[PDB]
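Numbering-wise (the entry's author numbering), the sequence shown opens with residue 1 and increments by one. Here's the structure we're looking at; comments come further down.
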Amino acid sequence: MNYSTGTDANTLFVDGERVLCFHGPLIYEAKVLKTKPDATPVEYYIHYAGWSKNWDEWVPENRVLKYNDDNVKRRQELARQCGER
Numbered sequence: 001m002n003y004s005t006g007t008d009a010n011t012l013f014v015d016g017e018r019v020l021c022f023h024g025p026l027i028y029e030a031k032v033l034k035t036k037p038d039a040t041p042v043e044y045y046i047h048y049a050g051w052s053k054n055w056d057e058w059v060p061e062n063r064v065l066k067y068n069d070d071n072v073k074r075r076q077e078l079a080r081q082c083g084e085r
């Protein structure tokens, strides 16, 4: 059990991976530029897509959500729920 890319990192997240960043009643898209697995627990480097990366938004694995059709479905539900007239 090991990725051909390299040694399997202890953290469940890897650099270049796409993840979701929430901070309110809606879920937004984000990307992991890099991660520090040299410790457990630890911080992770993430920035909002389509915006300046100089913002450097460092966050713990707790505020990080894995990308999956199910999480997207929830955003899609919230997105539909958000719409009204």
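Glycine is no exception: its CB is placed at the ideal position from the N, C-alpha and C atoms.
Simplified DSSP assignment, three categories, for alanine 39: In the sequence shown, residue 39 corresponds to position 39, counting from 1. In the structure shown, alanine 39 sits in coil (DSSP, three-state: anything other than H, G, I, E or B).
For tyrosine 44: DSSP bridge partner residues: For the purposes of this step, residue 44 is taken as residue 44 along the sequence shown, with counting starting at 1. According to DSSP, which records beta bridges pairwise, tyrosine 44 is partnered with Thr35 and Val59.
message: Checking 7 Å against the spacing of the C-beta atoms, do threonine 35 and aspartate 56 come in under that value?
response: Locating residue 35 in the sequence shown gives position 35, where the first residue counts as 1. Locating residue 56 in the sequence shown gives position 56, where the first residue counts as 1. Cβ atoms of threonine 35 and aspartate 56: not closer than 7 Å.
- request: Pull up the DSSP beta-bridge partners for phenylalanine 22, would you.
  value: Within the sequence shown, the letter at position 22 stands for residue 22. Beta-bridge annotation (DSSP): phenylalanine 22 is paired with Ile27.
query: How close, in whole Å, do the beta carbons of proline 37 and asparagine 71 come, if the pair is a contact with beta carbons under 8 Å?
result: Start at 1 with the first residue of the sequence shown, and residue 37 comes out as number 37. Start at 1 with the first residue of the sequence shown, and residue 71 comes out as number 71. About 23 Å separates the Cβ atoms of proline 37 and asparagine 71, ruling out a contact at the 8 Å cut-off.
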